[PDB]
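Working notes for the structure below.
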Amino acid sequence: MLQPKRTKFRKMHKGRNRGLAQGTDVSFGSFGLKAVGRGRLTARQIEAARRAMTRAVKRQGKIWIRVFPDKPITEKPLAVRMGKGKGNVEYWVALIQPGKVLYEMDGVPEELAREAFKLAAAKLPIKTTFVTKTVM
Amino acid sequence: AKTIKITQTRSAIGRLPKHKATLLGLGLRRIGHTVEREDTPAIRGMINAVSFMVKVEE
Amino acid sequence: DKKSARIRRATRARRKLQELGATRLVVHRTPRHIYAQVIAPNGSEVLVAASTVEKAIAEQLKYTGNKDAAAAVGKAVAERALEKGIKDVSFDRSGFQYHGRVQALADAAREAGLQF
Amino acid sequence: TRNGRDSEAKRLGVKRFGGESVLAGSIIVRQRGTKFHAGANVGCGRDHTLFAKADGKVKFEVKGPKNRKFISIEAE
Amino acid sequence: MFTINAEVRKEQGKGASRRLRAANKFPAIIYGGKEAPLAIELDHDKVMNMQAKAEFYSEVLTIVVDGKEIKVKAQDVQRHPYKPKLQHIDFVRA
RNA sequence: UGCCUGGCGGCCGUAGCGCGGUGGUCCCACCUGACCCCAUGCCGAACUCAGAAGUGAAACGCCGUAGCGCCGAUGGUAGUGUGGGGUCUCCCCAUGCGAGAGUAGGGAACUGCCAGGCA
RNA sequence: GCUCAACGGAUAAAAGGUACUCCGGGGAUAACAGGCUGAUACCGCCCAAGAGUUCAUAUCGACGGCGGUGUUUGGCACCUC
RNA sequence: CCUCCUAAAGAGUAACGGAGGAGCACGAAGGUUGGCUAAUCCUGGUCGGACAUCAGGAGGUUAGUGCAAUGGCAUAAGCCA
RNA sequence: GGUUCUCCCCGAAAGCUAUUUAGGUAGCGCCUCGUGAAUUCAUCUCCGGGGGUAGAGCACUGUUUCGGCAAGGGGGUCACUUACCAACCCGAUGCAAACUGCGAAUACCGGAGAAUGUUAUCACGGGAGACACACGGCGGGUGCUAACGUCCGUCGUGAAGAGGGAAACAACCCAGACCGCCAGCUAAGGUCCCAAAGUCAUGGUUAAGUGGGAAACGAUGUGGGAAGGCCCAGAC
Ligand SMILES: [Mg+2]
Ligand SMILES: [Mg+2]
Ligand SMILES: [Mg+2]
Ligand SMILES: [Mg+2]
Ligand SMILES: [Zn+2]
């Protein structure tokens with residue numbers, strides 16, 4: 001599961017998901033998977049979508065993960081009043097903007113890329129699309 | 001300077017305190033109050049602030 | 001480094017006289033010669049300058065730089081300063097100790113009648 | 001772990017901005033370290049508080065080879 | 001070899017730039033050399049088909065604007081974040 | 001007035017670093033000697049004294065070089081005041097101001113007083 | 001000379017029970033219930049490795065995703081002391 | 001009571017919001033004068049290794065500052081007499 | 001809990017600080033009245049400013065992916081190496097309320113200037129009330145980017161404002177009711193009737209009553225735009 005091994009502080013504020021993305025072009029491989037919608041990707045969603053494609057793109061080529069969560073979300077458990085400080089850390093999320101390249105793949109045919117990225121788009125809570133590396 | 005005319009179009013109820021102070025500096029009191037002003041950039045900058053709700057006749 | 005350690009040593013004494021707006025008397029010491037300049041408080045111009053590389057001073061000297069030469073040029077700057085009348089200059093040791101020719105150039109100018 | 005304390009916020013910041021004519025002895029900038037440095041007619045306090053030493057206007061300059069900020073007072 | 005029809009821009013800033021992108025256009029620029037930079041607007045659908053080939057970024061480009069053929073070269077391209085579109089393309093006179 | 005060098009500045013990397021070349025009549029630097037004036041938390045390295053045998057090495061000054069640092073547009077993008085609107089977790093439209101990064105490019109500083117040497 | 005530490009410090013000097021209770025109030029504040037909300041719960045849908053002798057979708061479904069109902073445990077303290 | 005963030009580019013700004021720390025120490029660890037420049041790493045090497053101490057080189061404050069943290073500090077507020 | 005005649009003018013607050021205080025009270029802010037005061041204050045323009053938030057970036061403080069180079073350590077060795085693990089450094093790429101080598105918009109502070117405003121400003125004095133605020137937009141903390149949830153900043157309205165519109169609906173939109181009239185022009189909002197006004201004109205879309213509640217996702221529904229393959233040696 002993708003999570004930071006060590007942080008300077010345990011907790012973090014809620015924040016917002018405003019602004020545009022900066023991960024625009026594929027710069028590691030030739031094929032990419034770019035996010036269209038807006039939302040957050042939890043630690044389970046990034047791990048499951050990596051497992052979802054890897055089944056069909058068997059052991060050749062190379063897959064990069066362009067994002068990293070670096071943001072915890074705390075929860076208040078059931079039958080607990082409001083207050084009593086901030087709750088305990090449960091799972092890590094990543095702030096994702098429209099235009100962020102999430103998943104990349106190289107060393108595969110283009111027809112194989114269309115299949116695996118379709119199989120990983122259902123596991124993601126936001127809409128995605130297929131992109132291809134353009135030079136310069 | 002030369003004379004222009006400023007006529008208020010909308011009301012001053014839901015406005016910001018800066019927009020309420022702008023209409024007091026322009027001498028506008030109600031909808032339809034046509035009054036004469038000078039065309040200096042100090043007055044023109046007051047027009048640019050409330051241009052959504054005033055009518056100007058050059 | 002040799003020269004840059006001398007500059008950082010004097011730098012506290014340089015900018016302190018800048019904060020007071022007084023006229024400083026800097027010295028440069030050399031195994032050959034010795035220098036002394038009276039500087040305006042802006043720092044970009046001098047008013048009284050006399051050294052031992054000038055032939056007017058070196059004729060009466062056996063060697064160009066010693067404790068006898070610093071007494072000669074210390075008086076020589078001080079005599080040119082009284083002709084101008086800068087009258088309570090400040091003394092800048094400029095990174096050297098106040099033991100040798102720096103002390104000899106200062107005490108010679110104290111004997112002439114300058115207020116420092 | 002057992003958090004929930006905060007001190008009284010000390011009233012720092014710039015109290016006299018540039019262009020303002022101040023009196024001799026007035027406090028310009030209250031500060032902890034030397035965020036601003038003393039310059040012309042400006043004294044540095046015990047707690048690094050920069051104050052006025054002459055009647056004039058506040059002038060901010062960035063001098064020195066280390067690109068540090070200064071406060072100077074020019075005569076009005 | 002590539003010929004691109006262009007027109008000179010009459011306004012500047014992001015105000016005119018967003019009005020061109022809502023009207024199937026996008027702004028660009030031509031700089032380099034001893035000449036002043038010239039504000040250039042370009043048709044969006046024409047450039048989008050041409051840029052799909054690798055020769056659009058390597059070869060020497062020709063632009064016909066105001067009865068003048070200026071030989072340039074593609075230096076940098078700004079793309080839309082999530083849609084497959086273009087934003088701004090840099091041109092160096094070569 | 002030119003060239004070269006020292007001192008104190010203005011300025012604070014378009015003033016730096018690296019590389020290559022060069023300067024010794026003067027200048028500065030190292031160097032010579034040191035019982036002594038003094039100095040070392042050991043040490044004449046530094047500090048400082050007394051001298052000039054030697055020398056442009058180290059350092060410094062200048063010239064040349066775009067490897068690096070740095071400076072840096074035009075246009076575009078992100079953001080935002082005011083007003084309006086939408087599919088209202090967000091974004092668009094009208095108008096005003098305009099980034100950051102990156103690119104073209106600039107760039108081996110400039111300048112003031114005074115002193116010395118050469119012509 | 002005060003850990004007056006409850007630290008702008010009611011006394012030099014102070015722990016409990018009340019279901020035998022009582023008064024003055026309060027929906028400004030709980031318990032029954034409504035209402036708001038939908039984490040949880042219930043139900044449905046999308047992608048399909050795997051189970052189904054072979055064979056994803058006859059019957060099922062991991063890792064994950066999107067809703068509906070207001071239906072459990074709640075959250076809130078908006079109506080009512 | 002103190003430090004940072006929440007705090008929305010002045011100040012101010014809450015919550016049983018997020019991370020700590022203090023009820024001192026000090027006659028020098030104060031004042032002043034005169035000096036001094038680390039962290040890390042390379043190479044060399046009687047005892048000597050991972051470190052005892054040095055030399056030069058690289059590096060130029062990432063070191064240090066009686067302590068919590070921030071803002072400072074080379075003219076050093078660091079260090080020594 | 002209740003407080004009884006009328007008329008006119010002005011008009012709050014639900015904040016801060018402190019409290020055996022938390023539904024109380026005091027000072028201050030805010031309200032009214034009176035005196036006094038500088039051209040005081042507000043708005044815009046220019047000038048003088050300080051920024052480190054939005055964003056952006058990874059030099060620094062932390063984190064993270066890949067590649068190259070690799071001291072060391074393990075193993076093989078009769079001084080070197082191997083299909084081993086791997087720090088630092090270098091290139092590429094992200095993320096951060098408590099990162100900033102960068103950097104706004106406005107806001108804020110000061111100066112000058114015109115216009116406008118019944119001094120709207122400050123000082124002082126007499127008397128208060130209030131210190132339970134609500135929701136909406138925006139910037140957030142918290143909560144599930146749940147709450148007609150809670151806690152702040154800012155603005156608006158309500159509270160303390162009727163009227164018109166959103167069917168009805170304090171907080172939304174328009175607009176602040178001196179009174180009378182069977183006048184007109186308009187705002188938001190509408191024009192086939194209920195119910196006042198186009199069964200209006202032009203160019204399209206939709207055939208589902210969508211409109212007139214609801215997502216991922218699925219489909220030869222249809223309208224619009226650009227780029228290709230094949231074909232009068234006869235294509236589909
Ligand atoms: Mg706009
Ligand atoms: Mg020597
Ligand atoms: Mg040499
Ligand atoms: Mg820029
Ligand atoms: Zn089946």
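Lettering and numbering for the structure tokens are positional, with chains as A, B, ... in the shown order, residues counted from 1 in each chain, and ligands counted from 1 in the shown order.
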*Mind checking DSSP for chain B and telling me the strand (DSSP E) residues as a PyMOL selection string?*
chain B and resi 3-8+34-38+54-57
Export of the given selection (N, CA, C and O atoms) as a PDB file, in the first residue's frame:
```
ATOM      1  N   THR B   3     -18.564  68.093 -19.020  1.00  0.00           N
ATOM      2  CA  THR B   3     -19.639  67.562 -18.199  1.00  0.00           C
ATOM      3  C   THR B   3     -20.172  66.246 -18.768  1.00  0.00           C
ATOM      4  O   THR B   3     -20.524  66.140 -19.946  1.00  0.00           O
ATOM      5  N   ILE B   4     -20.220  65.231 -17.903  1.00  0.00           N
ATOM      6  CA  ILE B   4     -20.866  63.958 -18.200  1.00  0.00           C
ATOM      7  C   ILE B   4     -22.009  63.766 -17.210  1.00  0.00           C
ATOM      8  O   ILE B   4     -22.170  64.530 -16.257  1.00  0.00           O
ATOM      9  N   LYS B   5     -22.810  62.727 -17.446  1.00  0.00           N
ATOM     10  CA  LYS B   5     -23.987  62.446 -16.633  1.00  0.00           C
ATOM     11  C   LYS B   5     -23.973  60.991 -16.194  1.00  0.00           C
ATOM     12  O   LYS B   5     -23.713  60.096 -17.004  1.00  0.00           O
ATOM     13  N   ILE B   6     -24.255  60.759 -14.914  1.00  0.00           N
ATOM     14  CA  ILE B   6     -24.257  59.425 -14.322  1.00  0.00           C
ATOM     15  C   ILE B   6     -25.644  59.176 -13.747  1.00  0.00           C
ATOM     16  O   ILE B   6     -26.134  59.956 -12.920  1.00  0.00           O
ATOM     17  N   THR B   7     -26.281  58.091 -14.179  1.00  0.00           N
ATOM     18  CA  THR B   7     -27.596  57.698 -13.695  1.00  0.00           C
ATOM     19  C   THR B   7     -27.530  56.294 -13.111  1.00  0.00           C
ATOM     20  O   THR B   7     -27.050  55.361 -13.762  1.00  0.00           O
ATOM     21  N   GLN B   8     -28.012  56.149 -11.878  1.00  0.00           N
ATOM     22  CA  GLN B   8     -27.997  54.871 -11.181  1.00  0.00           C
ATOM     23  C   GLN B   8     -29.066  53.945 -11.747  1.00  0.00           C
ATOM     24  O   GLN B   8     -30.202  54.365 -11.992  1.00  0.00           O
ATOM     25  N   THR B  34     -30.401  61.270 -12.008  1.00  0.00           N
ATOM     26  CA  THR B  34     -29.460  61.761 -13.003  1.00  0.00           C
ATOM     27  C   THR B  34     -28.818  63.060 -12.529  1.00  0.00           C
ATOM     28  O   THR B  34     -29.491  64.066 -12.290  1.00  0.00           O
ATOM     29  N   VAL B  35     -27.493  63.029 -12.399  1.00  0.00           N
ATOM     30  CA  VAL B  35     -26.746  64.175 -11.896  1.00  0.00           C
ATOM     31  C   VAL B  35     -25.499  64.322 -12.758  1.00  0.00           C
ATOM     32  O   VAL B  35     -25.037  63.358 -13.376  1.00  0.00           O
ATOM     33  N   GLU B  36     -24.975  65.542 -12.829  1.00  0.00           N
ATOM     34  CA  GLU B  36     -23.833  65.866 -13.670  1.00  0.00           C
ATOM     35  C   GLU B  36     -22.532  65.726 -12.888  1.00  0.00           C
ATOM     36  O   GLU B  36     -22.471  66.038 -11.693  1.00  0.00           O
ATOM     37  N   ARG B  37     -21.500  65.214 -13.562  1.00  0.00           N
ATOM     38  CA  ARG B  37     -20.171  65.046 -12.986  1.00  0.00           C
ATOM     39  C   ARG B  37     -19.120  65.430 -14.019  1.00  0.00           C
ATOM     40  O   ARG B  37     -19.417  65.621 -15.202  1.00  0.00           O
ATOM     41  N   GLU B  38     -17.876  65.539 -13.561  1.00  0.00           N
ATOM     42  CA  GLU B  38     -16.755  65.838 -14.438  1.00  0.00           C
ATOM     43  C   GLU B  38     -16.050  64.552 -14.856  1.00  0.00           C
ATOM     44  O   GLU B  38     -16.106  63.534 -14.162  1.00  0.00           O
ATOM     45  N   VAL B  54     -24.569  51.448 -13.000  1.00  0.00           N
ATOM     46  CA  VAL B  54     -24.776  52.853 -13.339  1.00  0.00           C
ATOM     47  C   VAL B  54     -24.914  53.000 -14.848  1.00  0.00           C
ATOM     48  O   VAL B  54     -24.485  52.130 -15.614  1.00  0.00           O
ATOM     49  N   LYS B  55     -25.532  54.094 -15.278  1.00  0.00           N
ATOM     50  CA  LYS B  55     -25.572  54.440 -16.689  1.00  0.00           C
ATOM     51  C   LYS B  55     -24.862  55.768 -16.911  1.00  0.00           C
ATOM     52  O   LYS B  55     -25.114  56.749 -16.206  1.00  0.00           O
ATOM     53  N   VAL B  56     -23.966  55.797 -17.893  1.00  0.00           N
ATOM     54  CA  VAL B  56     -23.162  56.975 -18.188  1.00  0.00           C
ATOM     55  C   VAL B  56     -23.508  57.462 -19.592  1.00  0.00           C
ATOM     56  O   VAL B  56     -23.776  56.661 -20.495  1.00  0.00           O
ATOM     57  N   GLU B  57     -23.579  58.782 -19.753  1.00  0.00           N
ATOM     58  CA  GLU B  57     -23.858  59.421 -21.038  1.00  0.00           C
ATOM     59  C   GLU B  57     -22.764  60.455 -21.283  1.00  0.00           C
ATOM     60  O   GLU B  57     -22.707  61.483 -20.600  1.00  0.00           O
TER      61      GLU B  57
END
```
*Hey, which residues come within 10 Å of ligand 3 if we count only C-alpha atoms (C1' of nucleotides) and all ligand atoms? Could you give them as JSON, numbers by chain?*
{"F": [22, 23, 56, 57, 58, 59, 60]}
*Could I get the residue neighbourhood of ligand 1 at 12 Å, counting only C-alpha atoms (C1' of nucleotides) and all ligand atoms, as a count of residues only?*
20
*Give me every alpha helix (DSSP H) residue in region 5-126 of chain A, going by DSSP on the backbone, as a list in words.*
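For region 5-126 of chain A, the alpha helix (DSSP H) set is residues 43, 44, 45, 46, 47, 48, 49, 50, 51, 52, 53, 54, 110, 111, 112, 113, 114, 115, 116, 117, 118, 119, 120 and 121 of chain A.
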With C-alpha atoms retained, write the just-selected residues as a CSV table (one decimal), in the first residue's frame.
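Written output follows (out_2.csv):
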```
chain,number,residue,atom,x,y,z
A,43,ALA,CA,-4.5,4.4,-0.9
A,44,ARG,CA,-6.7,1.4,-1.7
A,45,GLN,CA,-7.7,2.8,-5.0
A,46,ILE,CA,-4.2,3.4,-6.2
A,47,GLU,CA,-3.2,-0.1,-5.1
A,48,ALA,CA,-6.2,-1.9,-6.6
A,49,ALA,CA,-5.9,-0.1,-9.9
A,50,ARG,CA,-2.2,-1.1,-10.1
A,51,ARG,CA,-3.2,-4.7,-9.5
A,52,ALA,CA,-6.1,-4.4,-12.0
A,53,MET,CA,-3.9,-3.6,-15.0
A,54,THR,CA,-0.9,-5.8,-14.1
A,110,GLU,CA,-1.3,0.1,-28.3
A,111,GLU,CA,-4.2,-2.3,-28.4
A,112,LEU,CA,-3.1,-3.8,-25.1
A,113,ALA,CA,-2.8,-0.3,-23.6
A,114,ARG,CA,-6.5,0.4,-24.5
A,115,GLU,CA,-7.6,-2.8,-22.7
A,116,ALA,CA,-5.7,-2.4,-19.4
A,117,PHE,CA,-6.4,1.3,-19.0
A,118,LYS,CA,-10.1,0.5,-19.5
A,119,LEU,CA,-9.9,-2.2,-16.8
A,120,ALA,CA,-8.3,0.4,-14.4
A,121,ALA,CA,-10.7,3.2,-15.2
```
*asked:* As a quick test: using only C-alpha atoms (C1' of nucleotides) and all ligand atoms, which residues lie no more than 10 Å away from ligand 5? Give them as an MDAnalysis selection string.
replied: chainID G and resid 52 56:60
*Which chain F residues are at most 9 Å from chain E (counting only C-alpha atoms (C1' of nucleotides)), as a count of residues only?*
7
Between chain F and ligand 2, at 10 Å or less, what are the per-residue closest atom pairs and their distances in Å? Count only C-alpha atoms (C1' of nucleotides) and all ligand atoms, order by chain and rising residue number, and return it as CSV.
```
residue,atom,partner,partner_atom_place_in_ligand_line,distance
F:30,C1',ligand 2,1 (Mg),8.7
F:31,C1',ligand 2,1 (Mg),7.9
F:32,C1',ligand 2,1 (Mg),9.4
F:44,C1',ligand 2,1 (Mg),6.8
F:45,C1',ligand 2,1 (Mg),8.5
F:46,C1',ligand 2,1 (Mg),9.0
F:47,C1',ligand 2,1 (Mg),9.7
F:48,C1',ligand 2,1 (Mg),9.0
```
*Within 8 Å of ligand 4, counting only C-alpha atoms (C1' of nucleotides) and all ligand atoms, residues as a PyMOL selection string*: chain F and resi 99-101
*Contact residues (chain C, partner chain H, 10 Å, only C-alpha atoms (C1' of nucleotides)) as number ranges by chain*: C: 8-16, 97-98
Would you mind exporting the chosen residues as a PDB file, in the first residue's frame, restricted to N, CA, C and O atoms?
```
ATOM      1  N   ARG C   8      38.155  40.817   6.895  1.00  0.00           N
ATOM      2  CA  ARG C   8      37.026  40.496   7.765  1.00  0.00           C
ATOM      3  C   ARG C   8      37.295  40.901   9.211  1.00  0.00           C
ATOM      4  O   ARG C   8      36.355  41.136   9.977  1.00  0.00           O
ATOM      5  N   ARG C   9      38.569  40.979   9.597  1.00  0.00           N
ATOM      6  CA  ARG C   9      38.929  41.430  10.935  1.00  0.00           C
ATOM      7  C   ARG C   9      38.651  42.918  11.102  1.00  0.00           C
ATOM      8  O   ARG C   9      38.227  43.375  12.169  1.00  0.00           O
ATOM      9  N   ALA C  10      38.881  43.690  10.039  1.00  0.00           N
ATOM     10  CA  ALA C  10      38.741  45.139  10.127  1.00  0.00           C
ATOM     11  C   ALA C  10      37.299  45.580   9.919  1.00  0.00           C
ATOM     12  O   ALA C  10      36.925  46.682  10.336  1.00  0.00           O
ATOM     13  N   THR C  11      36.480  44.725   9.295  1.00  0.00           N
ATOM     14  CA  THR C  11      35.148  45.051   8.781  1.00  0.00           C
ATOM     15  C   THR C  11      34.194  45.539   9.871  1.00  0.00           C
ATOM     16  O   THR C  11      33.367  46.427   9.632  1.00  0.00           O
ATOM     17  N   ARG C  12      34.334  44.997  11.082  1.00  0.00           N
ATOM     18  CA  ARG C  12      33.560  45.467  12.226  1.00  0.00           C
ATOM     19  C   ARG C  12      33.972  46.885  12.604  1.00  0.00           C
ATOM     20  O   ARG C  12      33.125  47.713  12.955  1.00  0.00           O
ATOM     21  N   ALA C  13      35.270  47.180  12.519  1.00  0.00           N
ATOM     22  CA  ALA C  13      35.741  48.526  12.829  1.00  0.00           C
ATOM     23  C   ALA C  13      35.496  49.483  11.668  1.00  0.00           C
ATOM     24  O   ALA C  13      35.418  50.700  11.870  1.00  0.00           O
ATOM     25  N   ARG C  14      35.384  48.956  10.443  1.00  0.00           N
ATOM     26  CA  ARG C  14      35.095  49.809   9.293  1.00  0.00           C
ATOM     27  C   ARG C  14      33.670  50.341   9.342  1.00  0.00           C
ATOM     28  O   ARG C  14      33.446  51.553   9.243  1.00  0.00           O
ATOM     29  N   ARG C  15      32.692  49.448   9.494  1.00  0.00           N
ATOM     30  CA  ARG C  15      31.293  49.849   9.430  1.00  0.00           C
ATOM     31  C   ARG C  15      30.804  50.506  10.711  1.00  0.00           C
ATOM     32  O   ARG C  15      29.745  51.140  10.696  1.00  0.00           O
ATOM     33  N   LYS C  16      31.542  50.368  11.816  1.00  0.00           N
ATOM     34  CA  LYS C  16      31.172  51.070  13.039  1.00  0.00           C
ATOM     35  C   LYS C  16      31.403  52.570  12.912  1.00  0.00           C
ATOM     36  O   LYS C  16      30.585  53.363  13.392  1.00  0.00           O
ATOM     37  N   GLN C  97      47.359  44.927  14.454  1.00  0.00           N
ATOM     38  CA  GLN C  97      47.468  45.173  15.883  1.00  0.00           C
ATOM     39  C   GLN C  97      47.927  46.601  16.144  1.00  0.00           C
ATOM     40  O   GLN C  97      48.530  47.252  15.286  1.00  0.00           O
ATOM     41  N   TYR C  98      47.629  47.090  17.348  1.00  0.00           N
ATOM     42  CA  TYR C  98      48.123  48.391  17.795  1.00  0.00           C
ATOM     43  C   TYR C  98      49.370  48.135  18.639  1.00  0.00           C
ATOM     44  O   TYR C  98      49.403  48.344  19.852  1.00  0.00           O
TER      45      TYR C  98
END
```
*Name all residues at most 10 Å from region 50-60 of chain I (count only C-alpha atoms (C1' of nucleotides); drop same-chain ones fewer than 4 positions away) and give them as a PyMOL selection string.*
(chain A and resi 19-20+22) or (chain D and resi 13-18+60) or (chain F and resi 78-80+99-101) or (chain H and resi 8-10+62) or (chain I and resi 94-95+99-105+108-109)
Can I get the selected residues back with C-alpha atoms (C1' of nucleotides), as a PDB file, in the first residue's frame?
```
ATOM      1  CA  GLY A  19      -6.591  24.468  -9.374  1.00  0.00           C
ATOM      2  CA  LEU A  20      -5.202  22.798 -12.494  1.00  0.00           C
ATOM      3  CA  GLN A  22       0.892  19.946 -13.540  1.00  0.00           C
TER       4      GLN A  22
ATOM      5  CA  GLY D  13       4.966  43.288  12.311  1.00  0.00           C
ATOM      6  CA  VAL D  14       5.605  46.660  10.732  1.00  0.00           C
ATOM      7  CA  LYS D  15       4.166  49.550  12.741  1.00  0.00           C
ATOM      8  CA  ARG D  16       5.562  52.420  10.634  1.00  0.00           C
ATOM      9  CA  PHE D  17       5.555  51.877   6.876  1.00  0.00           C
ATOM     10  CA  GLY D  18       7.638  53.698   4.281  1.00  0.00           C
ATOM     11  CA  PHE D  60      13.463  50.918   3.204  1.00  0.00           C
TER      12      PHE D  60
ATOM     13  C1'   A F  78      -2.187  29.250 -13.187  1.00  0.00           C
ATOM     14  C1'   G F  79      -4.431  32.635  -9.707  1.00  0.00           C
ATOM     15  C1'   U F  80      -7.691  36.954  -8.314  1.00  0.00           C
ATOM     16  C1'   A F  99       2.608  35.194 -12.093  1.00  0.00           C
ATOM     17  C1'   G F 100       5.934  31.101 -11.247  1.00  0.00           C
ATOM     18  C1'   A F 101       8.730  27.829 -14.191  1.00  0.00           C
TER      19        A F 101
ATOM     20  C1'   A H   8      -7.483  33.549   4.194  1.00  0.00           C
ATOM     21  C1'   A H   9       0.519  37.727   1.476  1.00  0.00           C
ATOM     22  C1'   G H  10      -0.688  44.334   7.871  1.00  0.00           C
ATOM     23  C1'   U H  62      23.976  22.487   6.059  1.00  0.00           C
TER      24        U H  62
ATOM     25  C1'   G I  94       5.850  14.485  -8.259  1.00  0.00           C
ATOM     26  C1'   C I  95       3.622  15.877  -3.534  1.00  0.00           C
ATOM     27  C1'   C I  99       8.968  23.489   2.719  1.00  0.00           C
ATOM     28  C1'   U I 100      10.117  28.778  -0.061  1.00  0.00           C
ATOM     29  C1'   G I 101      16.131  29.658  -4.044  1.00  0.00           C
ATOM     30  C1'   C I 102      10.072  32.600  -6.486  1.00  0.00           C
ATOM     31  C1'   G I 103       5.459  35.366  -6.752  1.00  0.00           C
ATOM     32  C1'   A I 104       0.008  38.096  -7.402  1.00  0.00           C
ATOM     33  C1'   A I 105      -5.058  39.810  -7.275  1.00  0.00           C
ATOM     34  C1'   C I 108      -4.134  47.178   4.473  1.00  0.00           C
ATOM     35  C1'   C I 109      -0.638  51.770   5.984  1.00  0.00           C
TER      36        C I 109
END
```
*Counting only C-alpha atoms (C1' of nucleotides), collect the residues of chain D whose closest atom lies at most 10 Å from chain F, and write them out as a VMD selection string.*
chain D and resid 62 to 68
*Provide the CA of residue 9 (chain A) to CA of residue 3 (chain D) distance in Å, to one decimal place.*
13.0 Å
Near chain D, 12 Å: chain A residue rows, closest pairs, only C-alpha atoms, as JSON lines:
```
{"residue": "A:9", "atom": "CA", "partner": "D:1", "partner_atom": "CA", "distance": 11.6}
{"residue": "A:10", "atom": "CA", "partner": "D:1", "partner_atom": "CA", "distance": 10.3}
{"residue": "A:11", "atom": "CA", "partner": "D:1", "partner_atom": "CA", "distance": 11.2}
{"residue": "A:84", "atom": "CA", "partner": "D:2", "partner_atom": "CA", "distance": 10.3}
{"residue": "A:85", "atom": "CA", "partner": "D:3", "partner_atom": "CA", "distance": 8.3}
{"residue": "A:86", "atom": "CA", "partner": "D:3", "partner_atom": "CA", "distance": 10.1}
{"residue": "A:87", "atom": "CA", "partner": "D:1", "partner_atom": "CA", "distance": 11.3}
{"residue": "A:88", "atom": "CA", "partner": "D:1", "partner_atom": "CA", "distance": 11.0}
```
Select from chain G every residue with an atom at most 6 Å from any atom of chain A, then for each give the shortest pair of atoms and their distance in Å to one decimal, using only C-alpha atoms (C1' of nucleotides), rows by chain and rising number, as CSV.
```
residue,atom,partner,partner_atom,distance
G:47,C1',A:122,CA,5.3
G:63,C1',A:48,CA,5.6
G:64,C1',A:123,CA,4.7
G:65,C1',A:123,CA,5.1
G:74,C1',A:79,CA,5.9
```
*Do me a favour and pick out the residues of chain I within 10 Å of chain E, using only C-alpha atoms (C1' of nucleotides), as a ChimeraX atom specification.*
/I:225-227
_Exercise: region 37-44 of chain I partners within 8 Å, only C-alpha atoms (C1' of nucleotides), chain neighbours under 3 positions left out, as number ranges by chain_ = B: 18, 21-25, 42-46; I: 120-123
For those residues, write C-alpha atoms (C1' of nucleotides) to a file as a PDB file, in the first residue's frame.
```
ATOM      1  CA  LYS B  18     -17.146  50.022  -0.685  1.00  0.00           C
ATOM      2  CA  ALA B  21     -19.372  54.546  -0.268  1.00  0.00           C
ATOM      3  CA  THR B  22     -18.805  54.831  -4.030  1.00  0.00           C
ATOM      4  CA  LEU B  23     -22.400  55.922  -4.624  1.00  0.00           C
ATOM      5  CA  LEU B  24     -22.092  58.442  -1.792  1.00  0.00           C
ATOM      6  CA  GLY B  25     -18.979  59.831  -3.466  1.00  0.00           C
ATOM      7  CA  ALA B  42     -10.689  60.023 -10.273  1.00  0.00           C
ATOM      8  CA  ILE B  43     -14.394  60.149 -11.145  1.00  0.00           C
ATOM      9  CA  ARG B  44     -13.872  57.645 -13.986  1.00  0.00           C
ATOM     10  CA  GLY B  45     -12.320  55.200 -11.518  1.00  0.00           C
ATOM     11  CA  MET B  46     -15.458  55.540  -9.402  1.00  0.00           C
TER      12      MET B  46
ATOM     13  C1'   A I 120     -20.764  60.600   8.161  1.00  0.00           C
ATOM     14  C1'   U I 121     -14.711  61.425  12.299  1.00  0.00           C
ATOM     15  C1'   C I 122     -12.294  62.183  16.966  1.00  0.00           C
ATOM     16  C1'   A I 123     -12.259  64.022  22.059  1.00  0.00           C
TER      17        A I 123
END
```
